[PDB]
Amino acid sequence: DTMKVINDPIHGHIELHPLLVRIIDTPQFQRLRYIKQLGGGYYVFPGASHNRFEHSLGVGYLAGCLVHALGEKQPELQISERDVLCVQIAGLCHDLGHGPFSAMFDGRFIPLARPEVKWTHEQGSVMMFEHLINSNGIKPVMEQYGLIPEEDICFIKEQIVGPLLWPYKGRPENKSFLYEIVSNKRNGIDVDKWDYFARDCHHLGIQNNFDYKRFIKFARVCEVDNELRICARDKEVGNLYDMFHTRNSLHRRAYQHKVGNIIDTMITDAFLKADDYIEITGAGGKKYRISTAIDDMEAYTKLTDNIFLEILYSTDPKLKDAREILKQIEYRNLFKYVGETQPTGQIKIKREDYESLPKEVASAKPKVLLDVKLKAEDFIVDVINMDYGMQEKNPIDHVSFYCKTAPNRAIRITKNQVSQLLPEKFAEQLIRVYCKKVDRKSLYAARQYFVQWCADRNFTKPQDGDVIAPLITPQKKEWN
Amino acid sequence: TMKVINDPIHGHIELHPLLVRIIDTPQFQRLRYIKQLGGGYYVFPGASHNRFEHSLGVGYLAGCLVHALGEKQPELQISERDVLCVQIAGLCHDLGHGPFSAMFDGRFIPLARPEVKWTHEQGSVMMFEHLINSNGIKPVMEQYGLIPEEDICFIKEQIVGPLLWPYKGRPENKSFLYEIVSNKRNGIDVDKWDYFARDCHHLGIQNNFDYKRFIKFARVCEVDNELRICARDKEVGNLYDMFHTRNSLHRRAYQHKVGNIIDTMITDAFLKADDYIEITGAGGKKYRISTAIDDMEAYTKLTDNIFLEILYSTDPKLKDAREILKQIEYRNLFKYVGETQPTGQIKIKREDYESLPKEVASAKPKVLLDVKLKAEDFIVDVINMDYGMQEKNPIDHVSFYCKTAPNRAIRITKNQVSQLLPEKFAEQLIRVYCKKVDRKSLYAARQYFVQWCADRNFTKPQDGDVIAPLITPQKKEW
Amino acid sequence: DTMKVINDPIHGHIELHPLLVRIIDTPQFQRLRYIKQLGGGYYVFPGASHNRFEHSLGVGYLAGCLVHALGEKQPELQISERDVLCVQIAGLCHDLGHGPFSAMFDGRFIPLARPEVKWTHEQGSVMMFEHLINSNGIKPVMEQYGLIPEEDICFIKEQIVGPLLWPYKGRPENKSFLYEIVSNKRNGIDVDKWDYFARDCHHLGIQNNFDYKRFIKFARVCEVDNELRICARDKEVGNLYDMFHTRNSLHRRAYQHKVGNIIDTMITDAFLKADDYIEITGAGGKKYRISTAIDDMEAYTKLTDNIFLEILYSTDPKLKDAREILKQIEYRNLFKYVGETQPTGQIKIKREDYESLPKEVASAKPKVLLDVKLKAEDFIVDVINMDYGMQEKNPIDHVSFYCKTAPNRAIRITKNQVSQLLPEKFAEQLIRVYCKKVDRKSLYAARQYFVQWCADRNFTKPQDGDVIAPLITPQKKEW
Amino acid sequence: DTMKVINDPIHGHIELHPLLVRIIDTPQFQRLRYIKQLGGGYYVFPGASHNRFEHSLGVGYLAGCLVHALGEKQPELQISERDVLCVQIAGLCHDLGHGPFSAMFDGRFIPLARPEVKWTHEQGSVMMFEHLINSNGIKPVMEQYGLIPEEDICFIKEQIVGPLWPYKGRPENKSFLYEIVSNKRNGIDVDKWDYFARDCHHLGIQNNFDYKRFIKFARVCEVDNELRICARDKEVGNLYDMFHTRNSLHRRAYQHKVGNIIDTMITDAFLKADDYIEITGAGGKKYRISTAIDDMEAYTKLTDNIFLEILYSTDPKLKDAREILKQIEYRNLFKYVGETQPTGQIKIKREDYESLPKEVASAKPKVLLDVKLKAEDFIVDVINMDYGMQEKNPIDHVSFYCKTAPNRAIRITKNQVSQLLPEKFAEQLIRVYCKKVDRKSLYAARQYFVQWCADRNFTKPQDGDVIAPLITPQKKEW
Ligand SMILES: Nc1ncnc2c1ncn2[C@H]1C[C@H](O)[C@@H](COP(=O)(O)NP(=O)(O)OP(=O)(O)O)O1
Ligand SMILES: Nc1ncnc2c1ncn2[C@H]1C[C@H](O)[C@@H](COP(=O)(O)NP(=O)(O)OP(=O)(O)O)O1
Ligand SMILES: Nc1ncnc2c1ncn2[C@H]1C[C@H](O)[C@@H](COP(=O)(O)NP(=O)(O)OP(=O)(O)O)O1
Ligand SMILES: Nc1ncnc2c1ncn2[C@H]1C[C@H](O)[C@@H](COP(=O)(O)NP(=O)(O)OP(=O)(O)O)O1
Ligand SMILES: [Fe+3]
Ligand SMILES: [Fe+3]
Ligand SMILES: [Fe+3]
Ligand SMILES: [Fe+3]
Ligand SMILES: [Mg+2]
Ligand SMILES: [Mg+2]
Ligand SMILES: [Mg+2]
Ligand SMILES: [Mg+2]
Ligand SMILES: [Mg+2]
Ligand SMILES: [Mg+2]
Ligand SMILES: [Mg+2]
Ligand SMILES: [Mg+2]
Ligand SMILES: [Mg+2]
């Protein structure tokens with residue numbers, strides 16, 4: 001059991017302490033090799049073959065860089081070797097709970113398959129971590145390196161998911177800044193983002209403009225309303241606004257690419273159709289479904305992107321409907337993108353209303369004669385909440401800064417102290433509509449229903465509206 | 001025959017022999033001795049690159065864009081002659097830059113000769129004329145199918161704009177050709193694409209705009225009776241990002257507060273040297289640094305080397321200028337005091353710039369001060385940051401097409417894209433510096449500065465509470 | 001109907017003609033999304049997650065760049081749009097025959113599982129291409145775009161695998177240069193190498209020093225012994241030696257990494273143990289095994305890296321032995337590397353002798369006290385043939401060059417006309433030894449047998465010889 | 001008084017201790033901003049605008065990374081903060097002695113201008129460092145941060161230029177510290193790692209050596225009673241590749257035939273200017289270009305600027321020098337005729353270089369020729385290509401360790417690595433050029449050249465059968 005060096009193309013040669021190597025070399029960690037980081041995005045950006053495994057190594061590594069850098073510059077914080085290891089382990093294990101195709105599984109499939117549960121991959125990560133530890137004899141290995149499992153397991157879990165006065169048990173207040181490394185609940189400025197920006201960009205073929213290494217150099221811990229927090233140099237404020245701008249830009253260009261999303265939707269659909277028939281063996285030989293494997297970590301261990309191919313290659317007549325959806329993916333007979341719009345004014349589309357939207361689009365009465373009627377079943381309506389990670393809030397209002405002439409003194413910097421060219425709002429909704437019927441006449445009709453629906457709901461005019469529905473767009477006074 | 005040249009940004013590029021003849025002149029080779037980012041090199045040490053290599057890059061990209069349009073749309077009748085003219089314009093577009101590039105036309109000439117309205121682009125047109133005439137290039141143009149009466153004019157118009165349909169070099173059915181090198185309608189041009197990529201490579205800041213993607217999706221469509229370059233509808237987000245990147249490169253690098261003060265110091269040294277340096281132009285006439293812009297033979301010999309000519313001089317008359325450049329090398333720079341912006345609808349007008357150091361020195365901070373500072377001790381640098389068209393959204397001046405009707409041009413408004421985009425497209429930054437560098441002068445300069453910000457109802461400096469703790473409580477709006 | 005653009009991180013935005021899009025959007029092509037380019041190398045270099053799919057797009061694209069560039073510079077060659085499409089399709093389809101974990105499948109598994117057949121992934125690519133065309137109605141689509149399927153399918157196949165006097169039917173000798181793009185049988189200078197150099201490096205985190213774009217700019221077709229062939233500028237000769245040096249260096253640093261190879265070996269072992277029990281359905285419902293799916297393209301279509309996980313997640317008691325080997329991979333209880341050596345002198349280890357080598361290692365008699373005796377079954381001996389792509393030959397002796405003052409005149413350039421610092425030989429063998437028993441005492445013993453065996457065979461001294469076997473290495477004066 | 005961070009595109013954000021900042025902010029250091037790293041190479045590779053200044057920052061930084069990494073992994077070595085600063089200073093100052101156009105100045109000009117002296121830029125760096133320290137009051141600043149100037153100045157100089165135990169600055173138990181900046185035992189030093197990475201970034205050729213990996217695997221072990229830097233055994237292949245890369249960068253870039261002829265032309269102009277240019281040194285004494293190396297105050301003012309000072313001069317005495325530089329700017333370069341190498345055991349010695357143009361002109365090609373050419377018309381450039389230690393394999397002078405005994409040093413021979421490695425480690429290339437550029441002179445120059453190769457039993461030029469079809473059949477060995 002000695003330290004390993006591993007060559008990562010994003011971070012270079014990184015060092016893994018032998019405790020981390022023991023954690024990595026388990027079935028529960030290695031599972032992340034079989035889950036694509038960007039899910040259906042690989043079917044649009046062919047360089048995006050990367051898996052959660054390598055992202056997880058990167059987050060472990062960066063978490064270690066940030067806590068080491070803080071410890072070197074500020075010995076008064078009393079960051080111990082034990083703290084450093086716990087922060088690295090949390091970085092390493094933070095995404096253990098992702099399911100097949102990553103964001104698809106907790107963003108689309110589980111909410112549709114099991115609308116009663118409130119589940120996130122982060123909860124999965126905590127449960128999977130527990131199962132990793134318990135089934136591989138890791139507690140004695142922790143003790144061998146000076147960790148205290150009652151306290152430190154709890155600390156690690158709290159870093160990943162948040163709390164399970166001062167709500168944490170794993171560390172006291174004098175170590176609060178340690179909870180801001182892996183997953184920053186105050187403002188989202190965390191090393192998870194820095195790894196995925198750099199790694200996704202390298203694979204996508206879109207270039208990263210955020211400099212995380214610069215941020216680490218300028219980061220300090222300062223007292224802010226009587227808690228010790230990570231603060232940035234004042235002159236980095238512009239770079240932080242740019243960080244969130246980059247995040248939003250990566251969601252627009254890649255993560256919410258309209259076809260990447262429809263592939264995720266189709267896979268979700270196939271999983272919903274397969275769910276009654278696929279059996280996954282968990283603890284004590286009990287049988288779980290795709291939707292219930294989240295309840296038993298032994299089952300969930302075996303639930304990866306492989307399930308796609310298990311369905312695609314099946315012959316069972318019961319899986320026929322699921323299998324045909326995946327066949328449609330491989331022949332590229334995808335549901336067709338019709339367009340994009342947004343609400344106007346103070347209108348917000350609520351999650352309770354999502355299910356009713358296909359019916360609304362099909363009920364629009366385009367004032368043009370139509371040969372084809374389309375039914376609700378024929379439309380998909382995907383509502384995407386785009387923000388700066390804190391709903392309507394400006395995350396930079398929850399960051400603290402310091403100045404070169406008083407480096408222990410935290411200050412606030414407001415938006416108006418930076419620039420007038422920044423966003424005026426921090427949240428918005430995009431609505432994408434697609435049609436399951438792909439023939440030319442159905443598609444012409446779907447465009448008319450769509451643009452009419454936008455007019456009826458007082459949504460923004462689709463960008464191509466005048467071209468795809470020339471007879472509809474003149475009817476709307478606010479569009480001309 | 002063609003030459004190949006290896007550029008680190010674009011790879012191996014081909015130069016037509018007419019371009020090679022233009023490059024191999026004193027007028028073009030001059031660009032090897034003018035830093036792209038001027039004083040920026042004194043802050044970002046990778047930014048050693050010169051205007052020469054930027055110019056090759058713009059020539060190359062100009063050629064890629066016009067070739068791509070011609071291949072996709074043969075009905076436009078883009079000729080080999082048109083391609084060469086566009087390449088030449090890209091190659092020669094920055095011939096007019098002076099020592100330290102933006103410093104020379106942005107700071108020095110306006111101060112040295114406030115009566116003239118000069119730009120490097122005007123310089124590029126005059127330098128091009130002088131390059132052609134003094135190196136026998138007109139017959140070589142003819143040899144390759146160009147018509148110099150028409151094409152020289154076309155080339156110049158591409159660089160500087162017009163010298164109803166205001167252009168003589170090409171008719172309306174070729175208006176798109178004027179949108180490649182320097183796009184007067186919206187600023188979306190290959191010059192930006194080269195400098196984004198090249199500056200980033202050298203600065204150590206990463207480029208996020210994909211120019212190659214833009215070229216693939218570009219088409220020419222009819223818009224209000226002219227053939228113009230349009231982009232695919234779905235690229236609109238990427239164009240907003242393009243201008244966001246431009247603004248971000250100005251914030252991080254080009255307007256870095258110390259890069260600018262170095263540019264200011266060099267400008268100061270040039271103003272102090274201007275009466276004493278003689279540069280010989282055409283017919284043996286004698287020019288100064290500030291007048292060499294009137295004669296391209298003189299201007300040919302004015303490059304960044306003038307910095308070292310002053311620094312190494314022994315002439316007592318250049319003592320004052322020389323001492324400023326010595327201060328740069330010891331890093332005894334004028335000191336940054338801080339940054340602020342106007343509030344509300346307030347605009348600082350160019351006529352008022354000269355009065356601002358006096359205003360800062362006239363502030364009466366209610367604080368005990370060892371030193372009184374005079375107007376001459378402050379520099380107040382006002383920077384106009386925008387999306388290239390003052391208050392306007394340049395995306396309102398772009399045309400788009402949709403996949404289902406690719407010959408039909410459309411407009412896309414800001415509200416059709418995103419609510420997270422900027423609400424304004426122009427703003428002003430105000431940096432204040434002090435020429436007196438000792439600890440007590442600097443403490444005082446901070447008090448005058450923050451008090452001035454309070455008095456003018458400008459934004460609170462980011463470090464205001466720390467540098468002037470007794471001043472910032474006075475102002476209710478902070 | 002129309003062209004698609006696709007964004008690749010290595011080549012940027014590439015354009016795909018609609019005929020290529022029809023070929024790509026088939027089960028037979030999309031299969032390549034589930035086959036890792038570097039196989040077991042992903043278990044060593046975590047950035048090497050890339051699959052054969054994206055490599056195939058890249059080779060298609062570069063094949064098109066090279067043939068377009070030749071056509072633009074030399075209209076007299078009469079390169080047609082039809083030729084361009086055929087070269088693109090060949091580049092796109094060249095690796096359709098790879099199996100699970102790529103080089104593992106044709107380099108290790110098939111040779112062990114079916115030693116009677118002479119099979120390569122390239123043969124697989126030809127058969128898979130035939131099956132792709134026939135089962136997706138591609139022939140009429142080819143006709144729609146000006147291709148002539150009798151001739152052009154044959155041309156495409158020949159570009160991939162070679163011939164199936166002038167031995168080719170798809171194109172004549174005045175177009176011989178077209179066979180030098182995707183897979184160059186004369187000297188190995190082909191666009192396949194250029195894509196994988198660039199793509200592997202980007203993912204591995206090792207940097208590429210070969211500039212393929214420069215090579216394309218300087219490439220011309222010239223007459224050489226009555227065939228039209230691709231020639232390089234004279235002054236590029238250095239860069240071509242560097243190309244093969246880079247290839248060799250990527251094999252040393254990554255592709256033949258000792259642990260990447262042992263993982264490939266372990267997976268192969270698990271597949272051999274699973275082979276009797278896994279059923280893959282092929283044409284007419286017939287059942288194939290892992291080792292026989294190469295005989296039926298409908299079965300082979302469904303044979304990808306997924307088989308690893310099918311074994312790993314199985315519960316069938318019959319798959320227990322295969323499953324346990326894959327569990328050993330996941331816990332990193334790997335067969336242990338003992339060391340590396342090479343033959344000396346004139347000695348060449350022949351393929352017929354590979355199987356006898358573990359027995360030789362176990363028969364060595366190290367004069368050292370050992371608690372554990374090891375048997376032949378405990379050693380793995382992996383022999384790797386490292387060369388410049390043409391066994392003992394210098395591939396640069398099979399390249400033609402031209403000079404700036406006579407660009408249509410082909411010439412030869414010998415090694416002595418370039419540099420005295422170049423390699424003296426172009427082939428060698430590396431011998432890696434591993435031990436299947438992983439405890440510290442077995443490993444100590446394995447090192448003594450290994451170093452003694454090297455001494456006995458007069459192989460090169462292992463680099464760490466003095467440290468791992470201090471009592472053995474003094475016996476050998478020449479060490 | 002506080003640390004500075006600087007953004008370099010090769011190494012990222014690097015930290016500079018305030019003592020380093022004081023050294024950098026002097027005229028003697030800042031001088032390096034005006035000397036191109038690759039000299040005339042910029043006139044072939046237009047991305048290669050980089051100067052010695054940024055290379056020097058990089059070497060300072062890497063020197064610091066290597067010594068820090070050794071200290072972190074091996075606390076028993078007792079590397080102090082003082083040792084780290086001294087190694088950084090040496091890295092930073094190691095190239096202070098370069099002259100105009102870098103390798104051109106000490107490789108071509110000084111040897112020709114002053115054949116009696118044995119001068120290297122490294123000697124210059126030591127003298128320039130001494131002058132930097134003494135004229136900027138640096139010794140008290142060193143003391144303020146824990147350095148001992150009697151000892152540490154000596155240590156710093158020994159690291160730059162070299163020397164029982166021959167060093168005075170540090171004892172044997174710290175010998176490894178002398179292997180960071182300039183490694184005299186085998187050449188594996190951080191100077192190479194910076195220039196590989198930085199040159200590649202600017203040239204547009206990609207670097208394949210991973211220096212960071214080497215740093216991770218580097219350890220100090222006892223070797224024949226000295227503590228030395230050793231590499232992991234399995235890195236041996238990577239080290240052979242390192243020297244292969246060095247050779248490959250010399251072939252592609254640094255010894256590019258046209259880059260060298262430009263260096264030669266500039267050298268020629270400097271030789272013609274040398275009697276007439278005056279550079280003021282200490283106490284107002286006057287130096288020449290060739291003598292400015294004797295006085296650091298003069299040498300401080302000798303940079304690439306001298307090129308433009310000559311080009312723009314009007315003095316009649318500089319006419320010949322000026323005309324050569326004009327020929328560079330119009331691209332009327334001496335023409336490359338070809339390349340060959342000696343055969344067998346033959347080595348061309350430096351004493352014989354001057355006689356070679358005469359030999360080429362004395363060859364008697366049995367061919368009808370329009371022009372007879374004289375010795376003065378040919379340039380013969382002889383280049384020594386090696387792995388940095390003449391005929392020796394530098395890997396024979398490296399020590400390694402194994403994972404199972406990391407404190408135990410071992411040797412690894414070439415046969416333990418690969419049969420595909422080089423069989424020799426040194427060779428000579430001979431390039432011939434002609435000063436007469438017309439077609440008939442050039443035809444003749446090719447005939448003399450190929451005949452000369454045949455007469456001396458040199459290798460057949462690669463294009464020999466094409467440029468001299470009547471000459472190459474005479475030689476049986478071809
Ligand atoms: N020459 C090279 N260049 C770059 N990366 C390389 C490399 N060789 C390997 N890597 C990558 C592969 C891995 O990501 C990492 C480590 O590979 P090893 O350093 O080969 N270490 P291992 O555990 O095999 O040997 P041991 O136990 O004897 O120390 O570097
Ligand atoms: N091996 C190499 N690899 C990469 N870039 C290179 C290179 N060699 C040169 N460059 C860069 C340097 C230049 O930017 C460009 C062209 O250099 P040449 O191809 O050397 N052309 P020249 O005009 O000397 O030879 P001729 O007239 O005989 O064809 O490539
Ligand atoms: N903003 C962006 N920047 C870079 N690459 C991008 C990108 N957006 C997509 N890609 C990549 C993803 C793909 O690899 C490629 C094409 O994506 P689309 O241009 O979005 N084309 P699609 O076929 O969806 O829309 P249509 O049929 O309406 O033209 O570019
Ligand atoms: N946003 C940015 N991104 C990347 N590099 C940047 C940068 N801004 C500056 N640089 C580069 C330029 C330099 O190479 C380096 C340091 O520039 P500053 O951090 O601005 N430091 P200074 O001394 O001006 O301010 P103070 O004294 O208040 O700390 O970073
Ligand atoms: Fe994550
Ligand atoms: Fe420009
Ligand atoms: Fe391939
Ligand atoms: Fe150096
Ligand atoms: Mg997560
Ligand atoms: Mg998060
Ligand atoms: Mg301009
Ligand atoms: Mg412009
Ligand atoms: Mg502006
Ligand atoms: Mg293949
Ligand atoms: Mg091959
Ligand atoms: Mg040196
Ligand atoms: Mg050296």
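Residues numbered from 1 in each chain as written, not as in the entry; some residues may be left out. Chains lettered and ligands numbered in written order. Heavy atoms only, no water. Residues with missing side-chain atoms left out of burial classes, pairs and counts.

### A few points about the site of ligand 1
Thinking step 1. Surveying the vicinity of ligand 1 reveals 17 residues, the closest of which are C:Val44, C:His257, C:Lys258, D:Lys234 and D:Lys403.
Thinking step 2. At the site occupied by ligand 1, nearby residues are drawn from chains A, C and D.
Thinking step 3. Within the side chain of D:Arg232, a nitrogen or oxygen atom sits 2.9 Å from an oxygen atom of ligand 1.
Thinking step 4. Between ligand 1 and D:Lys403, the relevant distance is 2.7 Å, taken from an oxygen atom to a side-chain nitrogen or oxygen of the residue.
Thinking step 5. Notes on ligand 1: free accessible area 610 Å², of which the protein chains cover 84%.
Thinking step 6. Sorting the residues of the shell around ligand 1 by element identifies β1 (4-8) of chain A together with α12 (258-274) of chain C as the ones contributing at least two each.
Thinking step 7. With three residues, the top contributor of residues to the shell around ligand 1 is β1(A). (Near = heavy atom within 4 Å. Polar contact = N/O pair within 3.5 Å; in protein donor to acceptor, adjacent residues only side chain to side chain. Areas by Shrake-Rupley, 256 points an atom, 1.4 Å probe, with all protein chains shown as cover. Helix = DSSP H or I, 4+ residues; strand = E, 2+ residues; numbered from the N terminus.)

### A look at the coordination of the magnesium ion (ligand 14)
Residues and elements named next belong to chain C.
Thinking step 1. Taken together, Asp95 (OD) and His121 (NE2) make up the protein donors of the magnesium ion (ligand 14), found 2.1 to 2.2 Å from the metal.
Thinking step 2. A gap of 3.7 Å separates the magnesium ion (ligand 14) and the iron ion (ligand 7), which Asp95 links by coordinating each metal. Here the residue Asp95 occupies a position in the loop between α4 (81-93) and α5 (103-113), and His121 occupies one in helix α6 (residues 121-135), the gap between them amounting to 26 residues. Take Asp95 and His121: they sit in the same class, and that class is buried. (Donors = N, O, S within 2.8 Å, 3.2 Å for Na, K, Ca; no water. Buried < 20%, exposed > 50% of the residue type's maximum accessible area, 1.4 Å probe, protein only.)

### Section: the coordination of the iron ion (ligand 7)
All names here are of chain C.
Thinking step 1. Protein coordination at the iron ion (ligand 7): the donors are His55 (NE2), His94 (NE2), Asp95 (OD) and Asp192 (OD), at 2.1 to 2.2 Å from the metal.
Thinking step 2. Every donor counted, the four donor atoms about the iron ion (ligand 7) form angles of 83 to 167° at the centre, which fits irregular coordination.
Thinking step 3. Given a relative accessible area of 6%, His94 falls into the buried group.
Thinking step 4. Exposure remark for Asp192: the relative accessible area of 15% places this residue in the buried category. (Tetrahedral: all angles 85-135°; square planar, octahedral: opposite > 155°, others 65-115°.)

### Structural notes on the interface of chain D and chain B
Thinking step 1. Contact residues are listed per partner, giving 35 residues for chain D and 38 residues for chain B.
Thinking step 2. Interface area for chain D against chain B, summed over the two sides, is near 3400 Å², with a carbon-plus-sulfur share of 54%.
Thinking step 3. Applying the counting criterion to the chain D and chain B interface returns zero salt bridges.
Thinking step 4. The interface formed by chain D and chain B includes 14 residue pairs in polar contact.
Thinking step 5. Those elements that provide at least two residues to the side of chain D that touches chain B are β1 (4-8), α2 (27-30), α3 (52-73), α9 (190-203) and α14 (305-311) of chain D. (Contact = heavy atoms within 4.5 Å. Buried area = accessible area lost by both parts, 1.4 Å probe. Salt bridge = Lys/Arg side-chain N within 4 Å of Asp/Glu carboxyl O.)

### Re the nonpolar core
Thinking step 1. Ranked by size, the top nonpolar core spans 264 residues in total, and within it A:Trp194 and C:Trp194 carry the most contacts.
Thinking step 2. By residue number, the principal contributor to this core is helix α3 (residues 52-73) of chain C, which donates nine residues.
Thinking step 3. Excluding anything up to four places from it in sequence, C:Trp194 contacts C:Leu62, C:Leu66, C:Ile189, C:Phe210, C:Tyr212, C:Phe215, C:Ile216 and C:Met243.
Thinking step 4. Counting 261 residues, the second largest nonpolar core, distinct from the first, contains B:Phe128, B:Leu131, D:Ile79 and D:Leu132. (Core = buried A, V, L, I, M, F, W, Y, C linked by side-chain atoms within 4.5 Å.)

### Describing the interface of chain D and chain C
Thinking step 1. Of the residues lining the interface, 46 residues belong to chain D; the matching set on chain C comes to 46 residues.
Thinking step 2. In this assembly, chain D packs against chain C so that about 3900 Å² is buried in total across both faces, 46% of it on carbon and sulfur atoms.
Thinking step 3. Contact with chain C buries surface across chain D, with D:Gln416, D:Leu420 and D:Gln462 losing the most and accounting together for 20% of the total.
Thinking step 4. There are two salt bridges connecting chain D and chain C.
Thinking step 5. Ionic pairing is found between D:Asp241 and C:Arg253, a salt bridge with its closest N-O pair at 3.3 Å.
Thinking step 6. One can count 21 residue pairs in polar contact joining chain D with chain C.
Thinking step 7. Breaking the side of chain D that touches chain C down by element, the ones donating at least two residues are α11 (236-254), β10 (405-410), β11 (426-434) and α18 (464-467) of chain D.
Thinking step 8. Counting residues per element, the side of chain D that touches chain C draws most heavily on α11(D), at eight residues.
Thinking step 9. For the side of chain D that touches chain C, the per-class residue count stands at 15 nonpolar, 16 polar and 15 charged. (Nonpolar A, V, L, I, M, F, W, Y, C, P; charged D, E, K, R; others polar.)

### Brief notes about the site of ligand 3
Thinking step 1. Taken together, 17 residues surround ligand 3, and among them A:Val44, A:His257, A:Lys258, B:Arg213 and B:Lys234 come closest.
Thinking step 2. Taken together, the residues near ligand 3 originate from chains A, B and C.
Thinking step 3. Contacts to ligand 3 include B:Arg213, whose side-chain N or O atom sits 2.8 Å from an oxygen atom.
Thinking step 4. A distance of 2.8 Å is found between an oxygen atom of ligand 3 and a side-chain nitrogen or oxygen belonging to B:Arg232.
Thinking step 5. Where the shell around ligand 3 is concerned, the elements lending two or more residues are α12 (258-274) of chain A together with β1 (4-8) of chain C.
Thinking step 6. Top contributing element to the shell around ligand 3 by residue count: β1(C), with three residues.
Thinking step 7. Tallied by class, residues from the shell around ligand 3 come to seven nonpolar, four polar and six charged.

### A look at the packing of aromatic side chains
Think of a pair of aromatic rings as described by two things: how far the centres are apart, and how the planes are tilted against each other in angle.
Thinking step 1. What the rule picks out here adds up to 102 aromatic pairs over all chains.
Thinking step 2. A centroid spacing of 6.2 Å and a plane angle of 15° characterise the contact between A:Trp194 and A:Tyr212, whose relative ring orientation is stacked. Of this pair, A:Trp194 sits in helix α9 (residues 191-204) while A:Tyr212 sits in helix α10 (residues 212-217), and the two are 18 residues apart along the sequence. Comparing A:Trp194 with A:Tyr212 shows no difference in burial state: the two are buried.
Thinking step 3. Judged by centre distance (6.2 Å) and plane angle (90°), the rings of C:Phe197 and C:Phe210 are edge-to-face. Here the residue C:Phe197 occupies a position in helix α9 (residues 191-204), and C:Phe210 occupies one in the loop between α9 and α10 (212-217), the gap between them amounting to 13 residues. Each member of the pair, C:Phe197 together with C:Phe210, is buried.
Thinking step 4. Taken together, the ring pairs connect B:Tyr33, D:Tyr42, D:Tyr43, D:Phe101, D:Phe105, D:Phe109, D:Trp119, D:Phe270, D:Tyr299 and D:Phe307 into an aromatic cluster.
Thinking step 5. The positively charged end of C:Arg31 is found above the aromatic ring belonging to C:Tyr300, 4.4 Å away from the centroid. (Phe/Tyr/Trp six-rings, centres within 6.5 Å; stacked < 30°, edge-to-face > 60°. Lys NZ or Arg CZ within 6 Å of the ring centre and 35° of its normal.)

### Digging into the sheet that holds strand β7 (residues 336-341) of chain A
Residues and elements named next belong to chain A.
Thinking step 1. With antiparallel pairing, the three strands of this open sheet are ordered in space as β7-β11-β8. Only two strands of the sheet have a single neighbouring strand rather than two, namely β7 and β8 (379-387). Each adjacent strand pair in this sheet contributes to an overall mean axis angle of 25°, direction not counted.
Thinking step 2. Sheet strands touched by α12: β7, β8 and β11 (427-435). Its angle to β11, the strand with the most contacts, is close to 65°. (Pairing = 2+ DSSP bridges. Axes fitted to C-alpha atoms, helices over the stretch in contact; angles between N-to-C directions.)

### Considerations on the environment of C:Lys193
All names here are of chain C.
Thinking step 1. With respect to the helices, strands and loops of the structure, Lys193 is situated in helix α9.
Thinking step 2. In this structure the C-alpha to C-alpha distance between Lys193 and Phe244, which are 51 residues apart in sequence, comes to 9.8 Å.
Thinking step 3. When residues no more than four places from it in sequence are discounted, the contact partners of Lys193 are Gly188, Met243, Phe244 and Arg247.

### Let's talk about the side chain of B:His16
Residue and element names in this part refer to chain B.
Thinking step 1. Among the structural elements, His16 can be located in the loop between β2 (11-15) and α1 (17-23).
Thinking step 2. A distance of 3.0 Å separates a polar side-chain atom of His16 from the backbone nitrogen of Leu18.
Thinking step 3. With residues near it in sequence (within four places) discarded, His16 still touches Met2, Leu84 and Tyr144.

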